[PDB]
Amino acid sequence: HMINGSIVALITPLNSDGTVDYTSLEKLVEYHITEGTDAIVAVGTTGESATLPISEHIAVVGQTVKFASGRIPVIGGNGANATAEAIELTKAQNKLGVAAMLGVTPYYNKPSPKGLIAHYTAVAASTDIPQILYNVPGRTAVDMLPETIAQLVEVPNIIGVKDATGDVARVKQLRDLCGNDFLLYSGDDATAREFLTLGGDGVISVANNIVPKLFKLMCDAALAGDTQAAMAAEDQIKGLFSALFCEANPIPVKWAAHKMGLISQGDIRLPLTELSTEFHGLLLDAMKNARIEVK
């Protein structure tokens, strides 16, 4: 296993015709290598998994692996709200060369704890690739509590959990019920430094899409226990921790990216839409404040 520190939930850049832009995707992979990002999640929420059918999903992940050329672990998204669909997505990724897979809890259909367990057990049963669980009730309508996560630790290849609740007290609870070995990632930038400080292993983040160097410093300092340096680094980027959510992720981050020249176009698949004029000002300020160089 041993993915940790600053993990970027990568956006999927699109051509103005709406197809995947592989030139920008390559630029982004090099960028995270050039700065010091520890891993790349390909096609999760931030990467717009909802709007990418399986064949496109497989392509973006597979291409990201190719561009990385072994220099950085790539983790592929394998979440679905049907167990059978998740298994199929998992099987189609089994030989792309991912280090791991990130699987969100089934959204919309609100299964019970027993069902989440059976769900993830059957998904993990269909692969040798390490699985990371992902709880985000703000999006899924289901809260997968630590008591539930703990019953999955014994599944050989379930290696940890991303938790986006922002509820920092869960770190202790998760440590207590799972082992020291189970990996705990934060999925809430606003509480991340704190999450690591309480004993988290790393952060699967939106903001390190656009401030990876500083986001790395913050994560490394926190893990080392240099709280002063962690807070110091957090200080400069904290503004983005709310600005990148003035409309749902990845609407703002993708605008911020195509703005810094990171990507060729700001195109986004429907039902998602490009960031409203209303927020252009707010986000340019938070961006200039994080020492991001426009234009």
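From 1 onward, residues are counted along the sequence shown.
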>> Quick check on the record: does 128 to 136 or 177 to 185 carry the larger mean Cα temperature factor?
In response: 177 to 185
> Reading the B-factor column of the entry, which of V206, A80, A118, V171 has the highest value at its C-alpha atom?
Replying inline: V171
> In the PDB entry, which of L102, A141, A84, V153 has its C-alpha at the highest B-factor?
Replying inline: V153
>> How does the C-alpha B factor of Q228 compare with the rest of the chain: lowest, middle or highest third?
In response: highest
>> Using the temperature factors of the C-alpha atoms in this entry, rank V20 within its chain: lowest, middle or highest third.
In response: middle
>> Is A257 in the lowest, middle or highest third of its chain when residues are ranked by C-alpha B-factor?
In response: middle
> What third of its chain, lowest, middle or highest, does the C-alpha temperature factor of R71 fall into?
Replying inline: middle
> Going by what the PDB entry lists, where does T12 fall on CA B-factor within its chain: lowest, middle or highest third?
Replying inline: lowest
